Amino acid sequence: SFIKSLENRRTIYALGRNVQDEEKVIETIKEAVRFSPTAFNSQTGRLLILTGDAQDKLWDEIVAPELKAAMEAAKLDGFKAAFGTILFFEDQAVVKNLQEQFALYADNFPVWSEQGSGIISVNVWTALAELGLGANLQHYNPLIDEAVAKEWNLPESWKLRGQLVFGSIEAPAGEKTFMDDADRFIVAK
């Protein structure tokens, strides 16, 4: 059931490293992005997938110091304790090329790219949940962008949009409420 798969995806903050088949996890991350739609099949999403030492480095050597410096002008341990982090970027070189090819609709491509980032982020999140792995989505962009690009030698054109922290589920999702259907769905014949 696709709907059941959607329901199974939740924000899990308590994450560990009890992950049995990392190769299968990577395969599924790639597939979830591969089969996601993007405007004009532009495929603007880019991923940096960090585990092990690189996972430790992101949180200890980049996020923590950047955040401290930012604040001046715990939760991090929880993120570090996870198995890995998937950093989602949108390739601005491709967006700019589309804007150049289709000037009358230049305003659309950044919007559709942003939508595209949401799309691939949740498809990956849901795919991970199907494997029994939890995840949560963070936003320490744009603070960490430069340091991340330098450390992993990323193209300047990759614009960081989100960081999906993932791993084994160590405690259940919290409670979550839903709006009244009547306030968000209108059906007319």
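What we label the rigid core is the largest C-alpha set whose atoms superpose within 1.5 Å from one form to the other. When you see a residue number, it is the position in the sequence shown, counting from 1.
Stretch departing more from the displayed form, 63-71 or 49-57, Cα RMS in 5 other deposited structures of this protein (core fit) | Of the two stretches, the larger average C-alpha offset in 5 other deposited structures of this protein falls on 63-71.
Between 96-104 and 110-118, where do the CA atoms move more in 5 other deposited structures of this protein, taking the root mean square over the structures and residues after a core fit?
-> Between 96-104 and 110-118, greater C-alpha deviation in 5 other deposited structures of this protein belongs to 96-104.
In the deposited sequence, how many residues between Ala103 and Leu104 have no modelled coordinates (none, 1 to 3, 4 to 9, 10 or more)?
-> Unmodelled stretch: none, continuous chain.
Mean C-alpha temperature factor, higher of 122-130 and 142-150 = Per the deposited B-factors, the answer is 142-150.
Which is higher on average in the deposited entry, the C-alpha temperature factors of 16-24 or of 161-169?
-> Per the PDB entry, the higher value belongs to 16-24.
Which is it among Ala39, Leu137, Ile62, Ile29: the one with the largest CA B-factor in the entry?
-> Answer, based on the entry's C-alpha B-factors: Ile62.
Based on what the PDB entry reports, which of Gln92, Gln99, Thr85, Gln115 has the top C-alpha B-factor?
-> Of the candidates given, the C-alpha B-factor peaks at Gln99.
So where's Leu58 on the chain's Cα temperature factor ranking, which third?
-> It belongs to the middle third of the chain when residues are ordered by C-alpha B-factor.
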